[PDB]
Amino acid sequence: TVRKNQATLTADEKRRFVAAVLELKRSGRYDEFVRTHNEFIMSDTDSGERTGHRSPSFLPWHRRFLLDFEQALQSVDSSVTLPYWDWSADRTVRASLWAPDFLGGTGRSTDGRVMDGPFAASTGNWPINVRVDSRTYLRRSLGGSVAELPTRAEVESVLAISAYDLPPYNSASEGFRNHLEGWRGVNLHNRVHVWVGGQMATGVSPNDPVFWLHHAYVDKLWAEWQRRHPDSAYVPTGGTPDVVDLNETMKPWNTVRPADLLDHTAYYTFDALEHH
């Protein structure tokens, strides 16, 4: 139950993570995570119901979605946990993350196709099935559409925001959640998707296994924010149309509330997490 910085994994931990992800893909389970995410991407709107994105529940929703995925991985290999990618530190294409023994590198220039690593189309092990762009191979263009990942100073500026979220609880909000998500401000989470490119820039972004490592670090930033602001908690706290309040349950599970997901330590710890 410890989520580790990807940069610190041993060779054996990398091998077991990759094998567990490839078995979820082979068995057909992986694609249904991709499909669930795209359905919420396409349905979450700023003036209507919104649960997984562009709303206060963006953070607990992805925390539970990542727990679902991690539990599926642990059904294949109980030793595996989700690692996280600190893109403020590992910010270039030579990060070991992008090595052939882990996620493979950037896509070639002609068609964005990833040519190395366990998820390259040539291996036969990573068909892209849930798609909108008709091509069936993993694609990336690292640093192609935006030229820098967030820096630590940018991340720190977001972590210093004391309010969790604010009315109107959407892509227009001020506050921590929307600055972490990235629709306002210097832009953390959305910019990372744009930086990776390929499927990560689309509503079928879990097609790239880096999706999970990106969201595990977003999830860690939520935990860091909590340590910086013990006097701040999830809002809204009751009676808000179209938005998941603190004690309301979330689709698609229907049986878990943001309140049940605020304390990550019920489920996992991090290799390191500053105390307040």
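A residue's number is simply how far along the shown sequence it sits, counting from 1.
- Set 45 to 53 against 216 to 224 and average the Cα temperature factors; 45 to 53 ends up higher.
- As the entry records it, the average C-alpha temperature factor is higher for 156 to 164, out of 156 to 164 and 126 to 134.
- Between the residues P209, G238, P60, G28, the entry's highest C-alpha temperature factor is the one at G238.
- Out of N190, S205, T110, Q71, it is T110 whose C-alpha atom has the highest B-factor in the PDB entry.
- Remark: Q199 belongs to the lowest third of its chain, ranked by C-alpha B-factor as recorded.
- For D77, the recorded CA temperature factor ranks within the middle third of the chain's modelled residues.
- Among the modelled residues of its chain, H179 has a C-alpha B-factor that falls in the middle third according to the deposited record.
- The deposited CA B-factor of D260 belongs to the middle third of values across its chain.
- In the PDB entry, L22 places in the lowest third of its chain by CA B-factor.
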